[PDB]
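Have a look at the structure below before the remarks.
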Amino acid sequence: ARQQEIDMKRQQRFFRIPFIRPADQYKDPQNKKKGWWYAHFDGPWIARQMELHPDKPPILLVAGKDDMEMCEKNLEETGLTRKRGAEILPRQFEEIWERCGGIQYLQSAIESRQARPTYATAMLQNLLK
């Protein structure tokens, strides 16, 4: 069943990491746009992904659809966890998620059965009201 897929009984971890682009990093100390990478991992994998770059629009990625775009490494295989407190709050993630159009993207794959009902999709269904 739908809920059977989502199943809100797994691990939920959200993180973020503000890293500067190498190219801009050295070519110009001032002209070094900072890119923020956030990802809401679920258990050993992830279900929500969002990228923000001063030069690159809000790249909203999700499991199933942008499985190749989003993080392709388990929590330990990611690195954000190893960092110095990469974790974050769900309020911030959903803050930007709505600030751009993540829900719309999810609702699109959700209906097309591409979003892969894992957790965000269900959370989205509730976030719709």
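Letters for chains follow the order of the structure tokens (A, B, ...), residue numbers begin at 1 for each chain, and ligand numbers begin at 1 in the order shown.
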Would you please extract all strand (DSSP E) residues from chain A, as assigned by DSSP on the backbone, and give them as a compact mmCIF listing (two decimals) with N, CA and C atoms, in the first residue's frame?
# COMPACT_ATOMS: atom_id res chain seq x y z
N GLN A 12 15.45 9.26 10.48
CA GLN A 12 15.33 10.55 9.82
C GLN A 12 16.48 11.48 10.22
N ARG A 13 17.31 11.84 9.24
CA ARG A 13 18.45 12.71 9.49
C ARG A 13 18.55 13.80 8.43
N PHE A 14 18.69 15.04 8.87
CA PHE A 14 18.80 16.18 7.97
C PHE A 14 20.11 16.92 8.21
N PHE A 15 20.79 17.32 7.14
CA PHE A 15 22.06 18.03 7.28
C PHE A 15 22.24 19.10 6.21
N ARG A 16 23.23 19.96 6.42
CA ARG A 16 23.55 21.04 5.49
C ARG A 16 25.05 21.33 5.55
N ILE A 17 25.60 21.85 4.46
CA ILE A 17 27.03 22.15 4.42
C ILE A 17 27.34 23.27 3.42
N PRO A 18 27.79 24.44 3.92
CA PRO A 18 28.13 25.58 3.08
C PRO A 18 29.58 25.54 2.61
N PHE A 19 29.78 25.08 1.38
CA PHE A 19 31.13 24.99 0.82
C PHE A 19 31.26 25.87 -0.42
N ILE A 20 32.43 26.50 -0.56
CA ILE A 20 32.69 27.37 -1.69
C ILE A 20 33.24 26.59 -2.88
N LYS A 34 29.10 31.08 -2.59
CA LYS A 34 29.03 29.97 -1.64
C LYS A 34 27.81 29.10 -1.92
N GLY A 35 28.04 27.81 -2.12
CA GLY A 35 26.95 26.89 -2.39
C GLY A 35 26.54 26.10 -1.16
N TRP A 36 25.24 26.10 -0.87
CA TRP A 36 24.72 25.38 0.28
C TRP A 36 24.07 24.07 -0.15
N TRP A 37 24.53 22.97 0.44
CA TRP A 37 24.01 21.65 0.11
C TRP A 37 23.29 21.03 1.30
N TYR A 38 21.99 20.79 1.14
CA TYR A 38 21.19 20.18 2.20
C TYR A 38 20.63 18.85 1.73
N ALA A 39 20.46 17.92 2.66
CA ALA A 39 19.95 16.60 2.33
C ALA A 39 19.32 15.92 3.53
N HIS A 40 18.06 15.51 3.37
CA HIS A 40 17.34 14.82 4.42
C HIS A 40 17.41 13.32 4.17
N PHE A 41 18.40 12.68 4.78
CA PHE A 41 18.59 11.25 4.61
C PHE A 41 17.60 10.45 5.45
N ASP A 42 17.24 9.28 4.95
CA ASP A 42 16.33 8.38 5.63
C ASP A 42 17.01 7.04 5.85
N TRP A 45 19.91 5.45 3.60
CA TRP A 45 19.83 6.21 2.35
C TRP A 45 19.20 7.58 2.57
N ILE A 46 18.75 8.20 1.47
CA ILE A 46 18.13 9.52 1.54
C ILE A 46 16.87 9.60 0.69
N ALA A 47 15.97 10.50 1.07
CA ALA A 47 14.71 10.68 0.35
C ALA A 47 14.48 12.13 -0.07
N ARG A 48 15.18 13.08 0.56
CA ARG A 48 15.01 14.49 0.22
C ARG A 48 16.35 15.15 -0.06
N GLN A 49 16.42 15.91 -1.15
CA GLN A 49 17.65 16.60 -1.53
C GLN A 49 17.34 17.97 -2.11
N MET A 50 18.13 18.97 -1.71
CA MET A 50 17.95 20.33 -2.19
C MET A 50 19.29 21.05 -2.30
N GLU A 51 19.55 21.63 -3.46
CA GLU A 51 20.80 22.35 -3.69
C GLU A 51 20.55 23.83 -3.96
N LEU A 52 21.39 24.68 -3.39
CA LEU A 52 21.27 26.12 -3.57
C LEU A 52 22.63 26.76 -3.85
N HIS A 53 22.74 27.41 -5.00
CA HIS A 53 23.99 28.07 -5.38
C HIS A 53 23.71 29.48 -5.91
N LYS A 56 23.57 29.11 -9.28
CA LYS A 56 22.71 28.02 -9.73
C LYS A 56 21.39 28.03 -8.96
N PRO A 57 20.25 28.15 -9.67
CA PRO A 57 18.92 28.16 -9.04
C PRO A 57 18.73 27.01 -8.06
N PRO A 58 17.65 27.06 -7.26
CA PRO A 58 17.35 26.01 -6.27
C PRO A 58 17.14 24.65 -6.93
N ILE A 59 18.20 23.83 -6.94
CA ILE A 59 18.12 22.50 -7.53
C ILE A 59 17.45 21.53 -6.57
N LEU A 60 16.15 21.33 -6.77
CA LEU A 60 15.37 20.43 -5.93
C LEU A 60 15.44 19.00 -6.47
N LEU A 61 16.02 18.11 -5.67
CA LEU A 61 16.15 16.71 -6.07
C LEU A 61 15.43 15.79 -5.09
N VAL A 62 14.98 14.65 -5.58
CA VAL A 62 14.27 13.68 -4.76
C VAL A 62 14.62 12.25 -5.15
- request: Going by DSSP on the backbone, which bits of chain A are helix (DSSP H, G or I)? Write them as a PyMOL selection string, please.
  value: chain A and resi 2-6+22-27+75-78+90-100+102-112+120-127
message: Using only C-alpha atoms for the distances, tell me which of A:88, A:8, A:68, A:109 is nearest to residue A:122.
response: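 Of A:88, A:8, A:68, A:109, the one nearest residue A:122 is A:8, counting only C-alpha atoms.
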- request: Write out as a PyMOL selection string each polymer residue whose atoms come within 9 Å of residue A:103, counting only C-alpha atoms; drop sequence neighbours fewer than 4 positions from it.
  value: chain A and resi 94+97-98+107-108+121+124+127-128
Writing out the chosen residues with N, CA and C atoms as an mmCIF file, in the first residue's frame:
data_model
loop_
_atom_site.group_PDB
_atom_site.id
_atom_site.type_symbol
_atom_site.label_atom_id
_atom_site.label_comp_id
_atom_site.auth_asym_id
_atom_site.auth_seq_id
_atom_site.Cartn_x
_atom_site.Cartn_y
_atom_site.Cartn_z
ATOM 1 N N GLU A 94 12.337 22.411 5.020
ATOM 2 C CA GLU A 94 11.014 22.668 4.466
ATOM 3 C C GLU A 94 10.817 24.158 4.204
ATOM 4 N N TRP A 97 12.361 24.489 0.913
ATOM 5 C CA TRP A 97 11.621 23.574 0.054
ATOM 6 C C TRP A 97 10.393 24.274 -0.516
ATOM 7 N N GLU A 98 9.731 25.050 0.332
ATOM 8 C CA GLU A 98 8.547 25.798 -0.070
ATOM 9 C C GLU A 98 8.939 27.143 -0.671
ATOM 10 N N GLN A 107 5.261 16.590 -5.755
ATOM 11 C CA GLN A 107 3.880 16.287 -6.124
ATOM 12 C C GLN A 107 3.798 15.780 -7.560
ATOM 13 N N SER A 108 4.722 16.244 -8.397
ATOM 14 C CA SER A 108 4.759 15.846 -9.802
ATOM 15 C C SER A 108 5.217 14.398 -9.946
ATOM 16 N N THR A 121 7.478 12.253 0.317
ATOM 17 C CA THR A 121 6.214 12.245 -0.408
ATOM 18 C C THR A 121 5.040 12.243 0.563
ATOM 19 N N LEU A 124 4.851 15.296 2.321
ATOM 20 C CA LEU A 124 4.360 16.296 1.388
ATOM 21 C C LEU A 124 2.840 16.283 1.363
ATOM 22 N N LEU A 127 1.875 18.082 4.057
ATOM 23 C CA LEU A 127 2.317 19.460 3.898
ATOM 24 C C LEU A 127 1.468 20.189 2.857
ATOM 25 N N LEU A 128 0.600 19.446 2.172
ATOM 26 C CA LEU A 128 -0.262 20.027 1.149
ATOM 27 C C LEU A 128 -1.405 20.819 1.779
#
Shell of 6 Å around stretch 114-118 of chain A, only C-alpha atoms, local chain residues under 3 positions omitted, as a VMD selection string: chain A and resid 5 to 6 63 to 65 109 to 110 121
Okay, now the selection with C-alpha atoms, as a PDB file, in the first residue's frame?
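Writing done, so here's result24.pdb:
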ATOM      1  CA  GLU A   5       5.876   2.168   0.993  1.00  0.00           C
ATOM      2  CA  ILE A   6       6.437   5.366   2.958  1.00  0.00           C
ATOM      3  CA  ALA A  63      14.709   9.912  -4.491  1.00  0.00           C
ATOM      4  CA  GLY A  64      13.563   7.796  -7.422  1.00  0.00           C
ATOM      5  CA  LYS A  65      13.469  10.683  -9.884  1.00  0.00           C
ATOM      6  CA  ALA A 109       6.863  12.713  -9.350  1.00  0.00           C
ATOM      7  CA  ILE A 110       4.538  11.636  -6.564  1.00  0.00           C
ATOM      8  CA  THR A 121       6.214  12.245  -0.408  1.00  0.00           C
TER       9      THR A 121
END
- prompt: Which residue gives the smallest distance to residue A:33 among A:84, A:55, A:111, A:70, with only C-alpha atoms counted?
  reply: A:55
message: Just want the 12 Å neighbourhood of residue A:31, counted on only C-alpha atoms, with same-chain residues fewer than 5 positions away dropped. Output as a list in words.
response: residues 20, 21, 22, 23, 24, 25, 26, 54 and 55 of chain A
Go ahead and write the selection's residues with N, CA and C atoms as a short mmCIF file (atom, residue, chain, number, x, y, z; two decimals), in the first residue's frame.
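Wrote result07.cif, looks like this:
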data_model
loop_
_atom_site.label_atom_id
_atom_site.label_comp_id
_atom_site.auth_asym_id
_atom_site.auth_seq_id
_atom_site.Cartn_x
_atom_site.Cartn_y
_atom_site.Cartn_z
N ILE A 20 32.43 26.50 -0.56
CA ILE A 20 32.69 27.37 -1.69
C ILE A 20 33.24 26.59 -2.88
N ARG A 21 32.91 27.04 -4.08
CA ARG A 21 33.38 26.38 -5.29
C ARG A 21 34.88 26.60 -5.44
N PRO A 22 35.63 25.53 -5.76
CA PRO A 22 37.09 25.62 -5.92
C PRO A 22 37.50 26.66 -6.96
N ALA A 23 36.87 26.60 -8.12
CA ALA A 23 37.17 27.53 -9.20
C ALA A 23 37.11 28.97 -8.72
N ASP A 24 35.96 29.36 -8.20
CA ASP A 24 35.76 30.72 -7.69
C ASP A 24 36.55 30.94 -6.41
N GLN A 25 36.74 29.87 -5.66
CA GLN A 25 37.46 29.91 -4.39
C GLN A 25 38.85 30.54 -4.52
N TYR A 26 39.60 30.14 -5.54
CA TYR A 26 40.96 30.66 -5.71
C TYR A 26 41.05 31.80 -6.73
N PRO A 54 24.46 30.49 -5.41
CA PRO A 54 24.28 31.89 -5.84
C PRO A 54 24.22 32.04 -7.35
N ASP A 55 24.86 31.12 -8.07
CA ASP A 55 24.87 31.15 -9.53
C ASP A 55 23.97 30.07 -10.12
#
